[PDB]
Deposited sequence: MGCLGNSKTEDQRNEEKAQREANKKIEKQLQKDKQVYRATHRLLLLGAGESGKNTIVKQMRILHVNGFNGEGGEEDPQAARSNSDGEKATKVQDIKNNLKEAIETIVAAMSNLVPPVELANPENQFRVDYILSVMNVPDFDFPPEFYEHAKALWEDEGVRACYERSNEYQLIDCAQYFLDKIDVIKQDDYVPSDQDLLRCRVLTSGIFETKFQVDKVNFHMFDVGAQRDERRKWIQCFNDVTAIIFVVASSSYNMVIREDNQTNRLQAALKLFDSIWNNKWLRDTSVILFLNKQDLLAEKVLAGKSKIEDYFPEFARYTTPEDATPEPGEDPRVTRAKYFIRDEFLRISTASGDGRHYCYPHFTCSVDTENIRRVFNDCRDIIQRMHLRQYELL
């Protein structure tokens, strides 16, 4: 059996070479943050990913912020069904959810609200935080001036809504648009708090799809998600 010791040693050489090849990619895999970008197609999703830049199923997007690496997995040419290929998106740091506030052929906020409802309560997504981007907020300024607009009929609960005092809107706009804007954020926060699991949290934001602060907001909310995740296993939260 002396003809096997040499081959056993060669196999051990291969094994140790392979473990050397894997322990270096250890840190590479643990360094980057996986972000799943998601949302309705008719939003400014493509504009957002194009700003992040400056046929395949998944369009990669790598970018560095403050010398931390982000992999943004924009979903490419795929079907409308999301029940299956979302299950593999449970290790991602966060799910960016870009939703357009276009209160018009068919309503977009109710469908997107239902989709967020399905995302929130999913069994494998109970630990992945969601980052909400309410786009087209400036369009509401020109949409509320029509009079009998689509903002007061399709959501009659807005007809008797009083704007929160602690909420300071963007200066330079009438309180009516601020009311109509914070109404949608309240609609989303109702579900985002009504779950009560406490293992994952939402983050609402307002953006116009053309500005540099989108990436900064993503980075800040990812850092907050990481901080709360670290506090979690210490039983501090």
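Annotation: deposited residues 1 to 8, 63 to 203, 253 to 260 are not represented by C-alpha coordinates in the model.
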